[PDB]
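> Starting off with a structure, shown below.
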Amino acid sequence: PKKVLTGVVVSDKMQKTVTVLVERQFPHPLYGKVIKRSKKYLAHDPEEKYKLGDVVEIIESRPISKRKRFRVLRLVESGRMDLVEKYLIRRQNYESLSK
Amino acid sequence: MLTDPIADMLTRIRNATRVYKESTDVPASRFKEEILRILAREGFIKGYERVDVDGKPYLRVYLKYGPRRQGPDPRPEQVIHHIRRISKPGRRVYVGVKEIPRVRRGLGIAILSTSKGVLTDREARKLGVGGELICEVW
Amino acid sequence: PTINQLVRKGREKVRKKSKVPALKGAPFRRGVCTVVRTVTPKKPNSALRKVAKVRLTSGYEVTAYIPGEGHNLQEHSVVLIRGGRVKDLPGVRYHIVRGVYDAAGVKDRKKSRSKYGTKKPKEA
Amino acid sequence: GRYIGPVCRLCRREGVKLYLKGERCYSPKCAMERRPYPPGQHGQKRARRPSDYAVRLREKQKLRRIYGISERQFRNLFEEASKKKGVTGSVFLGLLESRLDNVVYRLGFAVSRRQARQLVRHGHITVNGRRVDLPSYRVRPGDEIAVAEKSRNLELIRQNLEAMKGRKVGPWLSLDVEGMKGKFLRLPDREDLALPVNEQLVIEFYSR
Amino acid sequence: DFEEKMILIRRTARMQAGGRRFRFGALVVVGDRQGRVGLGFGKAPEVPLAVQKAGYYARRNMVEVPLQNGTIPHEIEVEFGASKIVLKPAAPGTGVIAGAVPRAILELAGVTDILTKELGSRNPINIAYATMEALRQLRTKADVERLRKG
RNA sequence: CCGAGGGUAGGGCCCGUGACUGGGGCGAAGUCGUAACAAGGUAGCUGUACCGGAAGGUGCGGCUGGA
RNA sequence: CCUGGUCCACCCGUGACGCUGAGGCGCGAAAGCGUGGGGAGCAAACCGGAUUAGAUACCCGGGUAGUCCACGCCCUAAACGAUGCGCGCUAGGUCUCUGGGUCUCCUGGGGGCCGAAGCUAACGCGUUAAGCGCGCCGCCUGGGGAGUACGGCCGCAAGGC
RNA sequence: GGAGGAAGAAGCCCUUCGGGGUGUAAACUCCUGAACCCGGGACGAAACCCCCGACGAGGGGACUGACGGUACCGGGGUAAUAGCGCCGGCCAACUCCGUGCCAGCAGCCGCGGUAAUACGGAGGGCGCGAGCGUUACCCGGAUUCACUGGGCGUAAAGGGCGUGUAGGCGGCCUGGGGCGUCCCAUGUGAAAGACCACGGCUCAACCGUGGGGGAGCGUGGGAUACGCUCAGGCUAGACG
RNA sequence: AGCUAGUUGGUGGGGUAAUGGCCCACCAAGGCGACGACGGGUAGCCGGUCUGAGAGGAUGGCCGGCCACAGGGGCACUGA
Ligand SMILES: [Mg+2]
Ligand SMILES: [Mg+2]
Ligand SMILES: [Mg+2]
Ligand SMILES: [Mg+2]
Ligand SMILES: [Mg+2]
Ligand SMILES: [Mg+2]
Ligand SMILES: [Mg+2]
Ligand SMILES: [Mg+2]
Ligand SMILES: [Mg+2]
Ligand SMILES: [Mg+2]
Ligand SMILES: [Mg+2]
Ligand SMILES: [Mg+2]
Ligand SMILES: [Mg+2]
Ligand SMILES: [Mg+2]
Ligand SMILES: [Mg+2]
Ligand SMILES: [Mg+2]
Ligand SMILES: [Mg+2]
Ligand SMILES: [Mg+2]
Ligand SMILES: [Mg+2]
Ligand SMILES: [Mg+2]
Ligand SMILES: [Mg+2]
Ligand SMILES: [Mg+2]
Ligand SMILES: [Mg+2]
Ligand SMILES: [Mg+2]
Ligand SMILES: [Mg+2]
Ligand SMILES: [Mg+2]
Ligand SMILES: [Mg+2]
Ligand SMILES: [Mg+2]
Ligand SMILES: [Mg+2]
Ligand SMILES: [Mg+2]
Ligand SMILES: [Mg+2]
Ligand SMILES: [Mg+2]
Ligand SMILES: [Mg+2]
Ligand SMILES: [Mg+2]
Ligand SMILES: [Mg+2]
Ligand SMILES: [Mg+2]
Ligand SMILES: [Mg+2]
Ligand SMILES: [Mg+2]
Ligand SMILES: [Mg+2]
Ligand SMILES: [Zn+2]
């Protein structure tokens with residue numbers, strides 16, 4: 001089946017595209033403990049109806065460009081910046097780990 | 001602030017028996033009763049009833065121990081010699097049905113929460129299910 | 001360590017040092033003799049061990065012990081090297097495989113002879 | 001292969017007695033009856049207690065020097081048994097015993113095993129028709145270990161076929177002495193076998 | 001009067017102006033091979049003597065090893081000192097695999113099917129004391145639900 | 001147009017190597033002293049600083065694993 | 001005068017808003033460094049006097065930085081309970097500091113000694129745990145080489161990580 | 001090579017000078033016959049192709065074998081290679097002579113300084129056998145990177161102390177979803193190997209058939225204790 | 001320990017059997033990274049194989065499946 005995913009739009013700064021951060025979890029192959037781990041997918045939005053903060057289902061689609069093999073299925077719940085903040089803070093934390 | 005009230009509970013008991021004692025009172029819980037129900041029903045205690053210590057629900061759990069012994073250190077044998085938690089809050093330990101442990105060669109119990117109620121090594125093996133292996137007692 | 005800690009750091013494999021670089025991890029290695037001296041033992045022992053610095057095919061060079069009693073090795077002879085240290089001569093970490101190339105088996109020895117490489121004799 | 005050398009000398013050493021020979025071991029001169037002490041310049045000296053290892057060695061060595069089989073094959077079998085289901089102690093023997101060159105020794109056909117061997121290998125023996133020169137050949141349940149036409153007529157097959165008339169044989173065996181052709185009834189049960197060896201100790205020697 | 005076979009013997013020593021006096025130690029196990037065994041440690045001015053005392057003590061201190069097919073009721077682990085010992089029952093027809101100390105003890109206890117394993121400190125003496133307190137802690141379905149009456 | 005590569009120029013990492021220089025390891029029986037272990041014969045160790053053929057000394061504060 | 005933490009009592013308010021914490025950030029004894037004051041006593045260095053085989057030392061007479069203050073650095077330590085923090089649970093005895101009560105008594109926080117059970121290799125620990133459990137962080141993996149080298153980052157330097 | 005064979009040859013080694021050992025081992029005597037000698041000698045090969053039927057479905061007929069005159073079958077038939085490792089401890093196997101911190105041994109602990117079971121030779125013994133030893137690397141022992149399964153007062157190991165970011169971790173009750181988790185069904189998980197049976201070559205190794213398993217991952221259905229998420233409430237943690 | 005100029009995305013084109021920044025013009029300023037981007041080192045991957053009580057550890061020669069190369073490197077022609 002066309003693999004579906006669910007995640008938060010963390011970037012609306014492309015023409016007809018959004019970055020959907022996608023969380024997922026599993027039991028660690030030796031130490032048991034379940035562990036969260038995420039990936040960002042770039043998703044087609046040929047109507048730019050999806051805005052920063054949405055949770056969304058995405059679907060394995062035919063290649064729209066490079067880096068881009070997913071279309072935005074349908075909305076799951078608008079206005080959820082709390083998770084976007086979780087992302088952005090992390091991102092920002094970086095500056096302090098260099099030289 | 002207690003993280004796993006259960007491992008607590010169990011510890012409350014482990015410590016209780018060590019010096020032997022009428023009862024010990026874990027704070028109440030619809031899961032801790034559950035767990036306890038299988039201790040008594042399998043004969044590791046006399047039982048338990050609800051109580052309170054100023055608005056605060058607890059569980060008076062009446063222990064069980066062996067027959068006084070002869071020779072030096074005449075303290076009884078223990079009904080519960082060993083009770084250590086499996087699945088912990090820092091590493092959930094789930095098990096399919098064919099994976100379920102065989103405590104001490106049937107002599108002990110593997111209490112364990114499941115999709116259809118808190119069963120045990122024998123109980124679940126029968127009903128044919130599995131779930132969060134809660135702990136091993138003997 | 002906690003479980004979470006193992007998910008981060010995780011345990012670290014040992015990996016051990018090759019007590020001998022006979023190179024290419026080959027069974028043995030050939031080499032020509034550079035010097036053929038006689039060194040002295042370590043802590044409580046005393047002797048005059050017969051040894052050789054060998055110039056391997058691997059542009060290396062190492063001292064090497066010479067088994068048996070009496071040999072026939074000179075400043076240009078060709079040896080095949082075996083490898084086992086000598087708990088007595090700091091420096092030596094390879095043995096000479098006796099009776100191969102310019103290395104002559106032990107003379108007039110009769111006991112254990114796989115080692116020491118001498119041929120089996122006739123009784124008559 | 002099959003040892004080949006001084007033997008009333010492990011008839012010795014192993015302390016316990018065995019009949020690598022057959023007749024002579026019955027004589028009042030198995031050298032065992034004469035020298036109770038294991039061979040070599042020393043032998044008759046204050047024998048120091050065997051280190052646990054020694055014990056397990058001598059045992060398995062005993063059991064092996066009996067069928068005078070190769071360490072390899074002994075081992076092979078052992079492992080084979082160890083793998084197969086059941087109490088390896090007995091089963092190890094069961095197969096150790098199913099060895100043709102041994103099933104032909106227990107059915108009187110021969111006096112010693114070292115003779116019984118040269119018998120099988122020389123094609124003198126045979127099975128359900130076809131002859132077999134395979135000492136190792138494991139006999140199953142329900143087989144005819146006859147002699148051969150060209151072999152029925154031997155002064156040696158006879159003299160051993162001789163005193164064998166009537167004499168009794170293992171419960172897992174049946175001999176029609178007339179037709180000089182024995183059968184193999186079943187896989188033996190521990191007791192059916194009587195040897196001077198604690199199988200346990202062997203099984204242990206291989207857990208080294 | 002039982003089997004009586006000695007584990008290890010050692011010469012120890014103490015200092016004193018003018019040289020080193022000594023002494024010898026004897027660890028001994030005792031069994032009938034039905035489920036009765038005892039451990040005994042005996043020290044004395046001489047080999048012969050020490051071994052004797054060993055036996056005497058051995059009998060003084062014996063344990064009811066409750067078999068169940070020439071093997072053992074349940075699997076156990078026990079630490080005495082820095083020395084851990086694992087006891088796992090085998091199916092009939094296996095052998096008694098263990099090191100000198102644990103084996104020794106277990107033979108006379110009349111076992112025949114057992115998996116072992118010394119861990120921690122492999123000090124004979126303490127592996128001894130270890131094994132005992134393991135056996136000493138063996139229970140059968142009987143004496144178990146015998147305590148789950150009520 | 002793009003293009004194997006060739007050419008010029010300037011950087012980055014890695015290996016080898018070098019008058020000479022620095023300490024480090026080992027070396028059955030070398031020279032100078034005695035620092036440490038018993039109040040070690042000035043309690044010891046310690047971070048720092050200065051100094052001295054060398055161990056080391058002393059100053060400041062700390063620890064007792066000293067009294 | 002300005003200000004932090006902290007315990008007690010009343011059961012009044014919010015209603016889990018908690019615990020820990022890679023990196024970051026702040027603080028961090030002594031000595032040491034920069035700029036500018038300050039200087040009695042003490043005192044590295046250094047000068048003398050004895051002792052001594054010698055005495056760059058211990059003992060004695062002197063004595064400079066320093067020791068002090070302001071501002072800025074340095075960031076180490078036997079920075080020691082050589083014992084990370086939080087919570088629950090498992091005899092008591094003794095004296096001590098400081099709260100509260102219908103106060104020869106009870107209770108709450110803190111600091112010590114002896115000690116059940118239990119731990120421990122032992123010494124010892126023991127409701128101020130090194131006991132029995134859960135959470136999270138840091139760390140160990142034979143000795144010397146060596147906290148050395150190289151690289152990196154910080155520092156005026158010494159030197160630090 | 002098998003069966004017999006001395007209270008037991010010589011030689012050789014020890015010897016408390018009586019003796020002990022190799023050792024039934026040998027010789028010696030009988031019987032079997034690896035090799036070799038003669039004859040016989042394949043499975044692997046039934047299709048393609050030809051005739052009838054229809055060139056098809058069905059029926060018959062013939063050609064072809066590298067290995068190769070080799071396997072295997074039948075007859076005759078001679079006693080017909082033993083080697084290496086070690087024997088101080090771990091670790092089984094012990095005594096003479098030589099040697100004299102020399103010659104040498106060595107994986108570790110160590111041995112050899114004039115009586116060496118540790119060097120070298122001998123006699124003997126243990127071990128394995130067309131092999132046995134050695135060097136090199138992988139795993140094991142190593143619970144010594146520890147999930148199973150370890151640790152940090154003094155043995156190596158608590159960050160000098162705080163504040164806090166991410167992350168990990170989350171008290172009592174009620175309901176909604178069912179993501180973790182658990183069950184059932186089904187697809188997939190090639191064959192070869194492995195593993196249990198059964199046969200094929202004289203056994204075996206190799207080899208065939210048959211069965212049985214395989215975590216995972218997709219699909220459908222179901223359960224809702226524990227974890228998660230959304231929602232409503234409580235006061236025992238926390239804060240005021 | 002920071003990476004990035006076809007770099008990330010977009011409209012329109014070219015190319016292919018077909019998706020796509022694969023390629024080209026133009027427009028937007030984006031994409032990635034301590035869950036380790038970038039860089040350096042080493043390596044063909046798996047069915048398996050070895051070892052181990054197992055969990056693991058090591059390994060990928062023979063045989064089977066896929067990938068890659070054909071003295072070093074570049075290119076296209078023919079063609080299913
Ligand atoms: Mg010496
Ligand atoms: Mg311990
Ligand atoms: Mg160029
Ligand atoms: Mg001093
Ligand atoms: Mg001194
Ligand atoms: Mg002093
Ligand atoms: Mg100082
Ligand atoms: Mg001075
Ligand atoms: Mg309210
Ligand atoms: Mg905090
Ligand atoms: Mg200061
Ligand atoms: Mg100043
Ligand atoms: Mg002065
Ligand atoms: Mg002064
Ligand atoms: Mg400071
Ligand atoms: Mg202090
Ligand atoms: Mg108090
Ligand atoms: Mg105390
Ligand atoms: Mg108290
Ligand atoms: Mg080292
Ligand atoms: Mg260091
Ligand atoms: Mg430093
Ligand atoms: Mg540097
Ligand atoms: Mg021995
Ligand atoms: Mg040798
Ligand atoms: Mg020798
Ligand atoms: Mg082992
Ligand atoms: Mg391991
Ligand atoms: Mg662990
Ligand atoms: Mg450890
Ligand atoms: Mg320490
Ligand atoms: Mg601290
Ligand atoms: Mg420290
Ligand atoms: Mg947080
Ligand atoms: Mg398969
Ligand atoms: Mg591109
Ligand atoms: Mg390669
Ligand atoms: Mg293992
Ligand atoms: Mg090419
Ligand atoms: Zn005999």
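Each chain in the structure tokens gets a letter, A, B and so on, in the order shown; residues start at 1 in every chain, and ligands are counted from 1 in the order they appear.
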Using only C-alpha atoms (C1' of nucleotides) and all ligand atoms, what table do you get, as a tab-separated table, when you list each residue of chain F with an atom no more than 12 Å from ligand 11, its nearest pair of atoms, and their distance in Å rounded to one decimal, rows by chain then rising number?

residue	atom	partner	partner_atom_place_in_ligand_line	distance
F:48	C1'	ligand 11	1 (Mg)	10.7
F:60	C1'	ligand 11	1 (Mg)	9.3
F:61	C1'	ligand 11	1 (Mg)	9.4
> Mind writing the picked residues with N, CA and C atoms (P, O5', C5', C4', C3', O3' and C1' of nucleotides) as a PDB file, in the first residue's frame?

ATOM      1  P     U F  48      49.738  22.960  40.105  1.00  0.00           P
ATOM      2  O5'   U F  48      50.049  24.402  40.694  1.00  0.00           O
ATOM      3  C5'   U F  48      49.145  25.479  40.523  1.00  0.00           C
ATOM      4  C4'   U F  48      49.552  26.654  41.366  1.00  0.00           C
ATOM      5  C3'   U F  48      50.962  27.167  41.143  1.00  0.00           C
ATOM      6  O3'   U F  48      51.054  28.029  40.024  1.00  0.00           O
ATOM      7  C1'   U F  48      50.583  26.912  43.448  1.00  0.00           C
ATOM      8  P     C F  60      54.128  30.708  55.463  1.00  0.00           P
ATOM      9  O5'   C F  60      52.865  30.687  54.502  1.00  0.00           O
ATOM     10  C5'   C F  60      52.248  31.895  54.103  1.00  0.00           C
ATOM     11  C4'   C F  60      51.267  31.678  52.978  1.00  0.00           C
ATOM     12  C3'   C F  60      50.093  30.770  53.284  1.00  0.00           C
ATOM     13  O3'   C F  60      49.083  31.422  54.021  1.00  0.00           O
ATOM     14  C1'   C F  60      50.983  30.257  51.148  1.00  0.00           C
ATOM     15  P     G F  61      48.629  30.847  55.443  1.00  0.00           P
ATOM     16  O5'   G F  61      47.648  29.672  55.029  1.00  0.00           O
ATOM     17  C5'   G F  61      46.295  29.965  54.738  1.00  0.00           C
ATOM     18  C4'   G F  61      45.767  29.156  53.586  1.00  0.00           C
ATOM     19  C3'   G F  61      45.392  27.727  53.879  1.00  0.00           C
ATOM     20  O3'   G F  61      44.227  27.591  54.656  1.00  0.00           O
ATOM     21  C1'   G F  61      46.502  27.804  51.840  1.00  0.00           C
TER      22        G F  61
END
> Near range 40-47 of chain A, counting only C-alpha atoms (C1' of nucleotides), which residues have an atom at most 12 Å away, once you skip same-chain residues fewer than 5 positions from it, shown as number ranges by chain?
A: 4-24, 56-75, 87; I: 8-10, 31-32, 35
> Which protein, DNA or RNA residues have an atom within 8 Å of ligand 7, counting only C-alpha atoms (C1' of nucleotides) and all ligand atoms, as a list in words?
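Going residue by residue within 8 Å of ligand 7, we get residues 46, 48, 58 and 59 of chain F.
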> Could you list, as a PDB file with N, CA, C and O atoms, in the first residue's frame, all residues that come within 6 Å of ligand 40? Count only C-alpha atoms (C1' of nucleotides) and all ligand atoms.

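What follows is the written file part-v2.pdb:
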ATOM      1  N   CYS D   8      48.470 -57.322  25.701  1.00  0.00           N
ATOM      2  CA  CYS D   8      48.434 -57.780  27.095  1.00  0.00           C
ATOM      3  C   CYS D   8      49.453 -56.915  27.837  1.00  0.00           C
ATOM      4  O   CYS D   8      50.522 -57.363  28.262  1.00  0.00           O
ATOM      5  N   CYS D  11      45.620 -54.739  28.585  1.00  0.00           N
ATOM      6  CA  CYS D  11      44.988 -55.768  29.415  1.00  0.00           C
ATOM      7  C   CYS D  11      45.474 -55.346  30.805  1.00  0.00           C
ATOM      8  O   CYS D  11      44.728 -55.399  31.788  1.00  0.00           O
ATOM      9  N   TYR D  19      39.768 -58.690  27.079  1.00  0.00           N
ATOM     10  CA  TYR D  19      40.031 -59.887  26.307  1.00  0.00           C
ATOM     11  C   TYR D  19      40.212 -59.512  24.856  1.00  0.00           C
ATOM     12  O   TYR D  19      39.487 -59.969  23.971  1.00  0.00           O
ATOM     13  N   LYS D  21      42.392 -60.491  23.353  1.00  0.00           N
ATOM     14  CA  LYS D  21      42.928 -61.729  22.805  1.00  0.00           C
ATOM     15  C   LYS D  21      41.848 -62.781  22.509  1.00  0.00           C
ATOM     16  O   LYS D  21      41.753 -63.271  21.385  1.00  0.00           O
ATOM     17  N   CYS D  25      43.570 -65.084  27.059  1.00  0.00           N
ATOM     18  CA  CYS D  25      43.196 -64.245  28.206  1.00  0.00           C
ATOM     19  C   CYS D  25      42.490 -65.135  29.256  1.00  0.00           C
ATOM     20  O   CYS D  25      42.452 -64.813  30.449  1.00  0.00           O
ATOM     21  N   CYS D  30      47.315 -64.672  31.056  1.00  0.00           N
ATOM     22  CA  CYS D  30      46.971 -63.426  30.350  1.00  0.00           C
ATOM     23  C   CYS D  30      47.975 -62.338  30.675  1.00  0.00           C
ATOM     24  O   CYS D  30      47.790 -61.174  30.308  1.00  0.00           O
TER      25      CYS D  30
END
> Which polymer residues have any atom within 6 Å of an atom of range 88-95 of chain H, counting only C-alpha atoms (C1' of nucleotides), with same-chain residues fewer than 5 positions away left out, as a list in words?
residues 117, 118, 125 and 126 of chain H
> Print the selection's residues with N, CA and C atoms (P, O5', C5', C4', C3', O3' and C1' of nucleotides) to a file, as a PDB file, in the first residue's frame.

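Written out: part28.pdb:
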ATOM      1  P     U H 117      65.714 -33.508  39.243  1.00  0.00           P
ATOM      2  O5'   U H 117      64.594 -34.213  38.356  1.00  0.00           O
ATOM      3  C5'   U H 117      64.960 -35.278  37.490  1.00  0.00           C
ATOM      4  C4'   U H 117      63.799 -35.802  36.688  1.00  0.00           C
ATOM      5  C3'   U H 117      63.102 -34.818  35.769  1.00  0.00           C
ATOM      6  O3'   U H 117      63.813 -34.620  34.559  1.00  0.00           O
ATOM      7  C1'   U H 117      61.531 -36.257  36.871  1.00  0.00           C
ATOM      8  P     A H 118      64.646 -33.268  34.305  1.00  0.00           P
ATOM      9  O5'   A H 118      63.504 -32.153  34.237  1.00  0.00           O
ATOM     10  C5'   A H 118      62.478 -32.217  33.245  1.00  0.00           C
ATOM     11  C4'   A H 118      62.290 -30.898  32.514  1.00  0.00           C
ATOM     12  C3'   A H 118      63.567 -30.110  32.207  1.00  0.00           C
ATOM     13  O3'   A H 118      63.398 -29.398  30.975  1.00  0.00           O
ATOM     14  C1'   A H 118      62.130 -28.791  33.508  1.00  0.00           C
ATOM     15  P     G H 125      56.915 -49.088  27.962  1.00  0.00           P
ATOM     16  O5'   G H 125      56.432 -47.749  28.669  1.00  0.00           O
ATOM     17  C5'   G H 125      55.805 -47.777  29.947  1.00  0.00           C
ATOM     18  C4'   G H 125      55.206 -46.432  30.299  1.00  0.00           C
ATOM     19  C3'   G H 125      54.136 -45.908  29.345  1.00  0.00           C
ATOM     20  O3'   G H 125      52.848 -46.411  29.645  1.00  0.00           O
ATOM     21  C1'   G H 125      55.752 -44.218  29.730  1.00  0.00           C
ATOM     22  P     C H 126      51.720 -46.469  28.510  1.00  0.00           P
ATOM     23  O5'   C H 126      51.264 -44.955  28.394  1.00  0.00           O
ATOM     24  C5'   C H 126      50.806 -44.246  29.539  1.00  0.00           C
ATOM     25  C4'   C H 126      50.445 -42.814  29.210  1.00  0.00           C
ATOM     26  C3'   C H 126      49.642 -42.607  27.936  1.00  0.00           C
ATOM     27  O3'   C H 126      48.267 -42.836  28.120  1.00  0.00           O
ATOM     28  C1'   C H 126      51.436 -41.092  27.972  1.00  0.00           C
TER      29        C H 126
END
> For chain B against chain A, which residues fall within 8 Å using only C-alpha atoms, given as a ChimeraX atom specification?
/B:90-93
> Would you mind exporting C-alpha atoms of the selected residues as a JSON list (two decimals), in the first residue's frame?

[["chain", "number", "residue", "atom", "x", "y", "z"],
["B", 90, "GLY", "CA", 13.15, 2.84, 32.28],
["B", 91, "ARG", "CA", 12.89, -0.25, 30.11],
["B", 92, "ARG", "CA", 9.47, -1.62, 29.39],
["B", 93, "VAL", "CA", 9.81, -5.40, 29.00]]
> Would you mind listing what lies within 12 Å of residue 12 in chain I as a list in words, with only C-alpha atoms (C1' of nucleotides) counted and same-chain residues fewer than 5 positions away left out?
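What passes the distance filter is residues 24, 25, 26 and 27 of chain I.
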> Selected residues, N, CA and C atoms (P, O5', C5', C4', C3', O3' and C1' of nucleotides), written as a PDB file, in the first residue's frame, please.

ATOM      1  P     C I  24      22.693  22.114 -16.455  1.00  0.00           P
ATOM      2  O5'   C I  24      21.652  22.943 -17.341  1.00  0.00           O
ATOM      3  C5'   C I  24      21.866  23.106 -18.736  1.00  0.00           C
ATOM      4  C4'   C I  24      20.802  23.961 -19.393  1.00  0.00           C
ATOM      5  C3'   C I  24      20.484  25.288 -18.730  1.00  0.00           C
ATOM      6  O3'   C I  24      21.451  26.285 -18.989  1.00  0.00           O
ATOM      7  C1'   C I  24      18.479  24.222 -19.409  1.00  0.00           C
ATOM      8  P     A I  25      21.371  27.697 -18.226  1.00  0.00           P
ATOM      9  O5'   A I  25      20.137  28.415 -18.929  1.00  0.00           O
ATOM     10  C5'   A I  25      20.050  29.827 -18.946  1.00  0.00           C
ATOM     11  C4'   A I  25      18.646  30.304 -19.207  1.00  0.00           C
ATOM     12  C3'   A I  25      18.001  31.101 -18.089  1.00  0.00           C
ATOM     13  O3'   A I  25      18.458  32.439 -18.026  1.00  0.00           O
ATOM     14  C1'   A I  25      16.460  29.524 -18.917  1.00  0.00           C
ATOM     15  P     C I  26      18.999  33.043 -16.637  1.00  0.00           P
ATOM     16  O5'   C I  26      17.660  33.530 -15.919  1.00  0.00           O
ATOM     17  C5'   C I  26      16.770  34.431 -16.567  1.00  0.00           C
ATOM     18  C4'   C I  26      15.366  34.305 -16.035  1.00  0.00           C
ATOM     19  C3'   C I  26      15.217  34.403 -14.522  1.00  0.00           C
ATOM     20  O3'   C I  26      15.205  35.736 -14.051  1.00  0.00           O
ATOM     21  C1'   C I  26      14.015  32.528 -15.302  1.00  0.00           C
ATOM     22  P     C I  27      15.839  36.087 -12.623  1.00  0.00           P
ATOM     23  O5'   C I  27      14.668  35.714 -11.618  1.00  0.00           O
ATOM     24  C5'   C I  27      13.388  36.308 -11.747  1.00  0.00           C
ATOM     25  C4'   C I  27      12.387  35.671 -10.818  1.00  0.00           C
ATOM     26  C3'   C I  27      12.841  35.483  -9.378  1.00  0.00           C
ATOM     27  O3'   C I  27      12.665  36.652  -8.597  1.00  0.00           O
ATOM     28  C1'   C I  27      11.808  33.492 -10.180  1.00  0.00           C
TER      29        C I  27
END
> Can I get the residues close to ligand 39 as a ChimeraX atom specification, where close means within 10 Å and we count only C-alpha atoms (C1' of nucleotides) and all ligand atoms?
/I:69-74
> Identify every residue of chain E that has at least one atom within 8 Å of any atom of chain B, counting only C-alpha atoms, and report the result as a PyMOL selection string.
chain E and resi 73-76+141+144+147-150
> Taking only C-alpha atoms (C1' of nucleotides) and all ligand atoms into account, which residues have an atom no farther than 9 Å from ligand 9? I'd like them as a list in words.
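With only C-alpha atoms (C1' of nucleotides) and all ligand atoms and a cut-off of 9 Å, ligand 9 is contacted by residues 14 and 15 of chain G; 234 of chain H.
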> If you keep N, CA, C and O atoms (P, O5', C5', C4', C3', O3' and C1' of nucleotides), can you produce a file of those selected residues as a PDB file, in the first residue's frame?

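Output below, filename result_26.pdb:
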ATOM      1  P     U G  14      -8.282  27.243  44.815  1.00  0.00           P
ATOM      2  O5'   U G  14      -7.054  27.024  43.822  1.00  0.00           O
ATOM      3  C5'   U G  14      -6.884  27.857  42.679  1.00  0.00           C
ATOM      4  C4'   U G  14      -5.511  27.702  42.062  1.00  0.00           C
ATOM      5  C3'   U G  14      -5.260  26.417  41.286  1.00  0.00           C
ATOM      6  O3'   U G  14      -5.762  26.481  39.959  1.00  0.00           O
ATOM      7  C1'   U G  14      -3.408  26.906  42.707  1.00  0.00           C
ATOM      8  P     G G  15      -6.742  25.340  39.397  1.00  0.00           P
ATOM      9  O5'   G G  15      -5.864  24.018  39.539  1.00  0.00           O
ATOM     10  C5'   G G  15      -4.569  23.936  38.951  1.00  0.00           C
ATOM     11  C4'   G G  15      -3.826  22.683  39.363  1.00  0.00           C
ATOM     12  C3'   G G  15      -4.448  21.371  38.900  1.00  0.00           C
ATOM     13  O3'   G G  15      -3.408  20.438  38.638  1.00  0.00           O
ATOM     14  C1'   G G  15      -4.299  21.373  41.251  1.00  0.00           C
TER      15        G G  15
ATOM     16  P     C H 234     -11.742  19.228  41.137  1.00  0.00           P
ATOM     17  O5'   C H 234     -11.106  18.003  41.924  1.00  0.00           O
ATOM     18  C5'   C H 234     -11.909  17.166  42.736  1.00  0.00           C
ATOM     19  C4'   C H 234     -11.072  16.148  43.462  1.00  0.00           C
ATOM     20  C3'   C H 234      -9.947  16.707  44.306  1.00  0.00           C
ATOM     21  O3'   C H 234     -10.402  17.134  45.575  1.00  0.00           O
ATOM     22  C1'   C H 234      -9.164  14.872  43.010  1.00  0.00           C
TER      23        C H 234
END
> Neighbouring residues of ligand 19 are defined here as those with any atom at most 10 Å from a ligand atom, counting only C-alpha atoms (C1' of nucleotides) and all ligand atoms; list them as a PyMOL selection string.
chain G and resi 91-93+115+126-128
> What does the file look like for those residues with C-alpha atoms (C1' of nucleotides), as a PDB file, in the first residue's frame?

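As a result, result_9.pdb now contains:
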ATOM      1  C1'   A G  91      14.757  -1.463  65.601  1.00  0.00           C
ATOM      2  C1'   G G  92      15.936   1.458  68.797  1.00  0.00           C
ATOM      3  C1'   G G  93      19.410   3.934  72.304  1.00  0.00           C
ATOM      4  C1'   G G 115      24.155   0.047  67.147  1.00  0.00           C
ATOM      5  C1'   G G 126      23.751   1.343  59.225  1.00  0.00           C
ATOM      6  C1'   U G 127      16.615   6.364  58.642  1.00  0.00           C
ATOM      7  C1'   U G 128      22.635  11.955  57.632  1.00  0.00           C
TER       8        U G 128
END
> Report as a VMD selection string: the residues of chain A with a DSSP assignment of strand (DSSP E or B), based on the backbone of this structure.
chain A and resid 4 to 14 17 to 28 32 to 44 55 to 65 68 to 77
> If you run DSSP over the backbone, which residues in range 2-95 of chain A end up alpha helix (DSSP H)? Put them as an NGL selection string.
:A and (81-93)
